[PDB]
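Chemist: Here you go, one structure.
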Amino acid sequence: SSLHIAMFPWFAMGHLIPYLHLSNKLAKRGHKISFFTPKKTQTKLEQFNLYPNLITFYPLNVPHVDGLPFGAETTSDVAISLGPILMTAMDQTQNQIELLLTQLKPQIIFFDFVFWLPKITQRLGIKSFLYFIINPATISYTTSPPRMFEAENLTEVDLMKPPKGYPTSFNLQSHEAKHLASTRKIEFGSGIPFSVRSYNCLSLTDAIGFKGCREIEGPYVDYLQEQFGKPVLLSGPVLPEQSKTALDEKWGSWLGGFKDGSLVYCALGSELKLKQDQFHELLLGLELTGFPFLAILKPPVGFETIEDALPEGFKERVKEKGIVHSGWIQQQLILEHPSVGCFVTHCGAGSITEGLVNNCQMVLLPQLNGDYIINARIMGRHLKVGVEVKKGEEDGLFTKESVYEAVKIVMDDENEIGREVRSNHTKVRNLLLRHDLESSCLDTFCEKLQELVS
Ligand SMILES: C[C@@H]1O[C@@H](OC[C@H]2O[C@@H](Oc3c(-c4ccc(O)c(O)c4)oc4cc(O)cc(O)c4c3=O)[C@H](O)[C@@H](O)[C@@H]2O)[C@H](O)[C@H](O)[C@H]1O
Ligand SMILES: O=c1ccn([C@@H]2O[C@H](COP(=O)(O)O)[C@@H](O)[C@H]2O)c(=O)[nH]1
């Protein structure tokens with residue numbers, strides 16, 4: 001029998017988009033989806049609803065919290081330092097969430113972050129499903145019970161080693177472990193420290209789920225299932241679905257002028273601003289390769305326009321071979337275009353998948369975020385599908401020569417490391433796109449959800 005599932009993702013494009021890709025996959029199999037979204041954001045989401053008779057949006061009013069910009073709904077509307085306030089706002093939707101569950105009565109609700117939800121759902125006879133679209137390797141490394149019990153004894157040297165029983169080995173740099181140690185105790189909404197929230201979600205939910213497949217994410221999902229004693233499901237890799245909006249002709253025309261495989265595409269998401277020094281090193285590094293490039297970047301900290309912040313003489317040198325641009329673009333459609341030979345990525349979970357299923361060579365430039373960093377290590381050192389840009393051990397900064405080097409290595413047909421990551425990327429692409437991989441992931445997924453509501 002078909003299920004009725006409610007979706008309550010975090011207020012961010014990086015969560016709304018994959019939750020919507022998955023809803024389309026579930027509705028194709030006959031399940032009804034009640035999709036809770038911020039009110040104004042719904043306009044941007046309609047293009048992705050491929051089953052409007054089965055997927056219904058229910059808007060939420062993102063309540064004012066002191067310090068939150070007027071009308072702000074998602075992390076694309078506020079600086080990264082204001083994320084905790086937006087979380088306080090999402091906590092404050094509790095009243096409209098209880099009303100929606102009462103009227104719609106789903107059997108399951110997929111959610112992020114809101115650890116007060118399982119109490120509500122069990123009182124209504126609803127099952128709570130904490131559904132992550134980030135890497136289970138990340139949750140495993142930072143939020144398994146062994147880390148939580150040290151409480152305030154957890155320090156930078158502690159986070160250079162995996163927790164007890166962690167299934168794989170990789171090395172973090174000193175500045176990365178320092179990031180993890182300080183950010184985990186920062187309050188993220190309603191006075192709750194970041195890792196304590198999440199741990200509460202993992203502890204109190206009925207079941208846990210992750211984007212991913214057994215062949216990549218399995219070892220981490222197994223570890224989490226033994227640690228928390230409840231089912232940890234895999235949805236399959238959530239392959240991007242086709243939008244009902246074709247590629248903007250301005251970009252199609254401009255991309256179409258380059259020879260196949262020659263363009264470097266660089267994008268670091270929609271949540272972060274580089275510092276001006278690193279903004280310059282990145283762009284000068286791209287220029288040094290001599291390849292055409294398209295860089296999708298916010299203006300650096302302190303600056304409001306790209307043109308203000310460009311290195312001196314930059315526009316006059318690169319001419320028509322390079323564009324630096326600030327707006328939201330159709331990244332999935334760009335990564336599909338045959339001009340793109342190389343993808344310089346911040347290693348966000350969605351961008352990782354979008355790169356893996358395409359032909360571009362991957363250059364990994366993770367920004368300061370636990371999932372980004374761990375994605376980059378796995379991609380660079382375990383799957384070996386891309387080349388990571390060298391950063392200073394203690395300061396976390398790169399040179400333009402390190403950017404130039406990484407792109408040159410993967411674009412050089414005769415370079416053996418470039419050839420090796422190409423071959424490894426093809427192997428991973430062939431697995432993710434295998435005719436029965438996602439379908440049999442979802443087969444198991446839906447069976448296990450059926451068990452959950454039984
Ligand atoms: C400022 C950032 O704040 C925190 O991340 C905030 C970000 O979490 C990301 O999603 C994340 C979640 C997460 C995801 C969904 C959930 O339901 C949930 O309970 C947790 O958990 C993490 C746990 C970690 O130990 C480290 C992380 O980097 C993340 C993370 O990035 C979101 O995609 C972003 O939109 C959000 O801005 C972390 O401390 C991070 O390291 C730090 O750089
Ligand atoms: O200009 C942009 C910036 C980001 N994205 C999309 O936003 C998501 C960012 O997720 P993540 O890579 O941060 O996880 C991805 O689906 C990415 O394709 C766009 O479509 N356009």
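Identifiers for the structure tokens are assigned positionally: chains receive A, B, ... in sequence, residues are indexed from 1 per chain, and ligands are indexed from 1 in the order shown.
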Leaving out region 278-295 of chain A and any residue of its chain fewer than 5 positions from it, which residues lie within 8 Å of it when counting only C-alpha atoms, given as a PyMOL selection string?
Modeler: chain A and resi 258+262-267+300+310-311+318+321-325+397-404+407-408
Chemist: Please write the residues from the selection above to a file, keeping N, CA, C and O atoms, as a compact mmCIF listing (two decimals), in the first residue's frame.
Modeler:
```txt
# COMPACT_ATOMS: atom_id res chain seq x y z
N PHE A 258 32.75 27.25 -26.69
CA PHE A 258 34.01 26.64 -26.33
C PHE A 258 34.09 25.20 -26.84
O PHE A 258 33.08 24.51 -26.95
N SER A 262 36.89 21.82 -22.53
CA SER A 262 37.96 22.81 -22.32
C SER A 262 37.72 23.78 -21.17
O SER A 262 38.66 24.47 -20.76
N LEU A 263 36.50 23.88 -20.65
CA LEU A 263 36.14 24.92 -19.70
C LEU A 263 36.28 24.45 -18.25
O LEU A 263 35.90 23.32 -17.91
N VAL A 264 36.82 25.31 -17.40
CA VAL A 264 36.86 25.06 -15.96
C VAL A 264 35.63 25.72 -15.33
O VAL A 264 35.42 26.92 -15.46
N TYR A 265 34.79 24.93 -14.67
CA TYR A 265 33.67 25.47 -13.91
C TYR A 265 34.00 25.45 -12.42
O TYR A 265 34.33 24.39 -11.87
N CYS A 266 33.89 26.60 -11.76
CA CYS A 266 34.20 26.73 -10.34
C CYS A 266 33.02 27.33 -9.58
O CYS A 266 32.55 28.41 -9.93
N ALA A 267 32.56 26.64 -8.52
CA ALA A 267 31.46 27.16 -7.70
C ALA A 267 31.58 26.65 -6.27
O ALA A 267 31.85 25.47 -6.05
N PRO A 300 33.71 38.98 -2.19
CA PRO A 300 34.38 38.64 -0.93
C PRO A 300 33.88 39.49 0.23
O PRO A 300 33.22 40.52 0.05
N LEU A 310 37.77 42.41 -8.08
CA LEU A 310 38.62 41.68 -9.01
C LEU A 310 40.07 42.16 -8.89
O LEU A 310 40.31 43.35 -8.67
N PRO A 311 41.06 41.27 -9.04
CA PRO A 311 42.46 41.73 -9.04
C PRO A 311 42.67 42.76 -10.14
O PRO A 311 41.98 42.76 -11.16
N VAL A 318 41.71 38.55 -19.09
CA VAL A 318 41.02 37.31 -19.42
C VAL A 318 40.01 37.51 -20.53
O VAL A 318 39.68 36.55 -21.24
N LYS A 321 37.44 34.94 -22.34
CA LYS A 321 37.71 33.55 -21.98
C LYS A 321 37.27 33.22 -20.56
O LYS A 321 37.24 32.04 -20.21
N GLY A 322 36.92 34.22 -19.76
CA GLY A 322 36.56 33.96 -18.38
C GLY A 322 35.48 34.88 -17.86
O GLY A 322 35.46 36.07 -18.17
N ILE A 323 34.57 34.34 -17.05
CA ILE A 323 33.53 35.13 -16.42
C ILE A 323 33.54 34.83 -14.93
O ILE A 323 33.66 33.67 -14.53
N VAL A 324 33.43 35.88 -14.12
CA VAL A 324 33.20 35.76 -12.69
C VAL A 324 31.83 36.36 -12.43
O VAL A 324 31.59 37.54 -12.73
N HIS A 325 30.93 35.58 -11.83
CA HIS A 325 29.52 35.92 -11.79
C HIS A 325 28.94 35.55 -10.43
O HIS A 325 29.31 34.52 -9.85
N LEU A 397 44.85 28.20 4.23
CA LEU A 397 44.84 29.05 3.05
C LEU A 397 45.54 28.35 1.89
O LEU A 397 46.42 27.51 2.09
N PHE A 398 45.16 28.73 0.66
CA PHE A 398 45.82 28.20 -0.52
C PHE A 398 46.51 29.32 -1.30
O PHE A 398 46.20 30.50 -1.13
N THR A 399 47.44 28.93 -2.15
CA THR A 399 48.10 29.84 -3.08
C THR A 399 47.48 29.70 -4.46
O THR A 399 46.87 28.68 -4.79
N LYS A 400 47.68 30.72 -5.29
CA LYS A 400 47.22 30.62 -6.65
C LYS A 400 47.95 29.51 -7.38
O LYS A 400 47.38 28.87 -8.26
N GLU A 401 49.21 29.25 -7.00
CA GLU A 401 49.95 28.17 -7.65
C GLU A 401 49.37 26.81 -7.29
O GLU A 401 49.41 25.90 -8.12
N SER A 402 48.81 26.65 -6.09
CA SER A 402 48.22 25.35 -5.76
C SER A 402 46.93 25.10 -6.53
O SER A 402 46.67 23.97 -6.97
N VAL A 403 46.13 26.15 -6.74
CA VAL A 403 44.94 26.08 -7.59
C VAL A 403 45.33 25.76 -9.03
O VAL A 403 44.77 24.86 -9.67
N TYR A 404 46.27 26.53 -9.57
CA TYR A 404 46.78 26.29 -10.92
C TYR A 404 47.25 24.84 -11.09
O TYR A 404 46.95 24.19 -12.10
N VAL A 407 44.35 22.09 -11.25
CA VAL A 407 43.59 22.10 -12.49
C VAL A 407 44.45 21.56 -13.63
O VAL A 407 43.99 20.75 -14.46
N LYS A 408 45.71 21.98 -13.67
CA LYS A 408 46.63 21.52 -14.71
C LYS A 408 46.81 20.01 -14.68
O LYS A 408 46.91 19.37 -15.73
```
Chemist: Going by DSSP on the backbone, which residues of region 303-393 of chain A come out as strand (DSSP E)? List them as a list in words.
Modeler: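 Of region 303-393 of chain A, only residues 322, 323, 324, 325, 340, 341, 342, 343, 344, 345, 361, 362, 363, 364, 386, 387 and 388 of chain A fall in strand (DSSP E).
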Chemist: Quick one: write out the picked residues with C-alpha atoms as a JSON list (two decimals), in the first residue's frame?
Modeler:
```json
[["chain", "number", "residue", "atom", "x", "y", "z"],
["A", 322, "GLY", "CA", 36.56, 33.96, -18.38],
["A", 323, "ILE", "CA", 33.53, 35.13, -16.42],
["A", 324, "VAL", "CA", 33.20, 35.76, -12.69],
["A", 325, "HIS", "CA", 29.52, 35.92, -11.79],
["A", 340, "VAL", "CA", 32.95, 21.69, -19.06],
["A", 341, "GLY", "CA", 36.15, 19.69, -18.60],
["A", 342, "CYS", "CA", 36.87, 20.45, -14.93],
["A", 343, "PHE", "CA", 34.77, 21.17, -11.77],
["A", 344, "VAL", "CA", 36.41, 23.10, -8.89],
["A", 345, "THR", "CA", 34.02, 22.41, -6.03],
["A", 361, "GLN", "CA", 37.39, 16.13, -13.79],
["A", 362, "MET", "CA", 36.99, 17.04, -10.09],
["A", 363, "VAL", "CA", 39.21, 19.52, -8.25],
["A", 364, "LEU", "CA", 38.40, 19.52, -4.54],
["A", 386, "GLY", "CA", 39.55, 14.09, -7.67],
["A", 387, "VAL", "CA", 42.61, 16.13, -6.72],
["A", 388, "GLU", "CA", 42.52, 18.29, -3.59]]
```
Chemist: Near residue 440 (chain A), counting only C-alpha atoms, which residues have an atom at most 10 Å away, once you skip same-chain residues fewer than 6 positions from it, shown as a list in words?
Modeler: residues 213, 235, 236 and 446 of chain A
Chemist: Residues at most 9 Å from ligand 1, using only C-alpha atoms and all ligand atoms? Could they come as a VMD selection string?
Modeler: chain A and resid 9 to 15 74 to 75 80 to 81 83 to 84 111 to 115 130 to 135 138 to 143 179 to 186 188 194 to 195 197 to 202 271 348 to 349 367 to 374
Chemist: So which one's closest to residue 193 (chain A), A:268, A:276, A:334, A:152? Using only C-alpha atoms, please.
Modeler: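 For residue 193 (chain A), the nearest of the given residues is A:152.
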Chemist: Residues at most 7 Å from ligand 2, using only C-alpha atoms and all ligand atoms? Could they come as a JSON list (two decimals) with C-alpha atoms, in the first residue's frame?
Modeler:
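Dumped everything to result.json:
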```
[["chain", "number", "residue", "atom", "x", "y", "z"],
["A", 13, "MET", "CA", 18.59, 25.12, -0.86],
["A", 14, "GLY", "CA", 21.08, 22.32, -0.19],
["A", 17, "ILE", "CA", 16.57, 20.39, -3.62],
["A", 269, "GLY", "CA", 27.74, 26.93, -3.14],
["A", 270, "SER", "CA", 25.40, 29.69, -1.97],
["A", 296, "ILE", "CA", 30.23, 31.40, -9.65],
["A", 327, "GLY", "CA", 23.90, 35.20, -9.29],
["A", 328, "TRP", "CA", 22.24, 31.84, -8.71],
["A", 329, "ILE", "CA", 22.67, 29.70, -11.84],
["A", 330, "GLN", "CA", 21.45, 26.30, -13.11],
["A", 331, "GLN", "CA", 24.49, 24.37, -11.89],
["A", 332, "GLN", "CA", 23.19, 20.91, -12.73],
["A", 347, "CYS", "CA", 32.63, 19.63, -1.81],
["A", 348, "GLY", "CA", 29.07, 20.19, -0.58],
["A", 349, "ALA", "CA", 27.05, 16.98, -0.59],
["A", 350, "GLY", "CA", 24.81, 18.02, -3.49],
["A", 351, "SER", "CA", 27.64, 19.36, -5.66],
["A", 352, "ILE", "CA", 29.59, 16.14, -5.03],
["A", 354, "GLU", "CA", 26.24, 16.37, -9.39]]
```
Chemist: Quick one: distance from CA of residue 51 (chain A) to CA of residue 28 (chain A) in Å, one decimal?
Modeler: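 Result for CA of residue 51 (chain A) versus CA of residue 28 (chain A): 7.6 Å, one decimal.
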Chemist: Expressed in Å to a single decimal, how great is the separation between CA of residue 444 (chain A) and CA of residue 214 (chain A)?
Modeler: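 Calculated distance between CA of residue 444 (chain A) and CA of residue 214 (chain A) is 11.1 Å.
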Chemist: Please return, as a ChimeraX atom specification, all residues of region 92-320 of chain A that DSSP assigns to alpha helix (DSSP H) on the basis of the backbone.
Modeler: /A:94-104,117-123,136-143,145-150,174-183,196-204,214-228,249-256,276-289,306-309,314-318
Chemist: Find the distance between CA of residue 103 (chain A) and CA of residue 31 (chain A) and write it in Å to one decimal.
Modeler: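 Pair CA of residue 103 (chain A) / CA of residue 31 (chain A) returns 18.0 Å.
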Chemist: Show which residues sit within 12 Å of residue 162 (chain A), as a PyMOL selection string. Count only C-alpha atoms, and ignore same-chain residues fewer than 3 positions away.
Modeler: chain A and resi 137-144+146-147+156-159+165-172+177+374
Chemist: Could you take the residues named above and write them with N, CA and C atoms, as a compact mmCIF listing (two decimals), in the first residue's frame?
Modeler:
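Saved to selection-v1.txt:
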```txt
# COMPACT_ATOMS: atom_id res chain seq x y z
N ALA A 137 29.48 9.54 6.95
CA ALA A 137 30.83 9.57 7.51
C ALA A 137 31.03 10.77 8.42
N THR A 138 30.32 11.88 8.14
CA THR A 138 30.45 13.10 8.92
C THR A 138 29.78 12.97 10.29
N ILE A 139 28.49 12.58 10.28
CA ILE A 139 27.77 12.31 11.53
C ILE A 139 28.52 11.27 12.37
N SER A 140 29.04 10.23 11.72
CA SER A 140 29.79 9.18 12.43
C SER A 140 31.02 9.75 13.14
N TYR A 141 31.72 10.67 12.50
CA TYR A 141 33.00 11.17 13.01
C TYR A 141 32.81 12.14 14.17
N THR A 142 31.72 12.91 14.17
CA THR A 142 31.54 14.01 15.12
C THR A 142 30.47 13.78 16.18
N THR A 143 29.49 12.91 15.93
CA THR A 143 28.26 12.86 16.72
C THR A 143 27.89 11.45 17.17
N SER A 144 28.79 10.48 17.04
CA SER A 144 28.54 9.17 17.62
C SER A 144 28.69 9.25 19.14
N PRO A 146 30.46 7.91 21.48
CA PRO A 146 31.80 8.15 22.07
C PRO A 146 32.24 9.62 22.13
N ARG A 147 31.91 10.44 21.13
CA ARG A 147 32.27 11.85 21.21
C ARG A 147 31.44 12.61 22.23
N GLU A 156 40.81 19.74 20.18
CA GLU A 156 41.35 19.66 18.83
C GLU A 156 42.15 18.39 18.60
N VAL A 157 42.96 17.96 19.58
CA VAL A 157 43.70 16.73 19.35
C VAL A 157 42.75 15.55 19.34
N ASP A 158 41.67 15.62 20.14
CA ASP A 158 40.68 14.55 20.13
C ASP A 158 40.03 14.40 18.76
N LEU A 159 39.83 15.49 18.04
CA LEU A 159 39.16 15.44 16.75
C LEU A 159 40.11 15.18 15.58
N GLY A 165 35.85 2.70 17.23
CA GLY A 165 35.11 1.83 16.34
C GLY A 165 34.81 2.39 14.96
N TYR A 166 35.28 3.59 14.65
CA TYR A 166 35.03 4.20 13.34
C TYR A 166 35.59 3.32 12.23
N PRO A 167 34.84 3.11 11.15
CA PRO A 167 35.20 2.03 10.21
C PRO A 167 36.30 2.34 9.20
N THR A 168 36.77 3.59 9.06
CA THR A 168 37.80 3.87 8.07
C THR A 168 38.80 4.87 8.64
N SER A 169 39.85 5.13 7.88
CA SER A 169 40.93 5.99 8.34
C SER A 169 41.15 7.10 7.32
N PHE A 170 41.15 8.34 7.80
CA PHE A 170 41.67 9.46 7.03
C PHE A 170 42.26 10.48 8.00
N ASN A 171 43.06 11.38 7.46
CA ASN A 171 43.77 12.36 8.26
C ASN A 171 43.14 13.72 8.03
N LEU A 172 42.93 14.45 9.12
CA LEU A 172 42.54 15.85 9.06
C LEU A 172 43.76 16.73 9.29
N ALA A 177 40.69 20.21 12.30
CA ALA A 177 40.29 19.73 13.62
C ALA A 177 39.95 20.88 14.55
N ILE A 374 35.16 16.35 5.14
CA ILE A 374 35.17 14.89 5.13
C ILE A 374 34.80 14.36 3.74
```
Chemist: Please report as a Markdown table every residue of region 199-286 of chain A lying within 12 Å of region 37-44 of chain A, along with the nearest atom pair and their distance in Å (one decimal), using only C-alpha atoms.
Modeler:
```
| residue | atom | partner | partner_atom | distance |
| --- | --- | --- | --- | --- |
| A:243 | CA | A:44 | CA | 11.3 |
| A:244 | CA | A:44 | CA | 11.7 |
| A:245 | CA | A:44 | CA | 11.1 |
```
